[PDB]
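Only one chain is shown below, in structure tokens, and it's the form deposited without the DNA.
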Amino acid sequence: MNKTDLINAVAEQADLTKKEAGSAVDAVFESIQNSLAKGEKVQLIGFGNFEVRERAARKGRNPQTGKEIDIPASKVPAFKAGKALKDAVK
């Protein structure tokens, strides 16, 4: 299922024009992105949580060389599924 497929599912289930569902789906994910960009956690009851995980600078190793490498600090997005999603998948 890709974004267009998802927009068609929303149009159908929420009874919206394809254009309105398109606007809504764009808004959902841009809102989650804009929240995480400001460091704010997203808590979606009955789906899951989005947050930003911080990792510090670090020493590591290239898989193919064996060389010591510097691993810089990073901020990456993280998703934590909730029970409804976990139970439906298992």
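Start at 1 with the first residue shown and count on from there. The term rigid core refers to the maximal set of C-alpha atoms that superpose within 1.5 Å between the two forms.
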Pick between 14 to 22 and 70 to 78: the one whose mean CA B-factor in the entry is higher.
-> 70 to 78
Got a sec? Mean C-alpha B-factor, which is higher, 30 to 38 or 61 to 69?
-> 61 to 69
Where does residue 52 sit by CA temperature factor within its chain: lowest, middle or highest third?
-> middle
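Although it is not shown, the form deposited with the DNA bound is what the next lines describe.
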With the cut-off set at 4.5 Å between non-hydrogen atoms, does residue 68 touch the DNA in the deposited complex?
-> yes
So in the deposited complex, does any heavy atom of residue 57 sit within 4.5 Å of the DNA?
-> yes
Partner contact for residue 27 in the deposited complex: the DNA, 4.5 angstroms, heavy atom = no
Would residue 46 sit within 4.5 Å of the DNA in the deposited complex, counting heavy atoms only?
-> yes
Core-aligned, does residue 39 move its Cα 2 Å or more between the shown form and the other one?
-> no
With the core lined up, does the C-alpha of residue 57 move 2 Å or more between the shown form and the other one?
-> yes
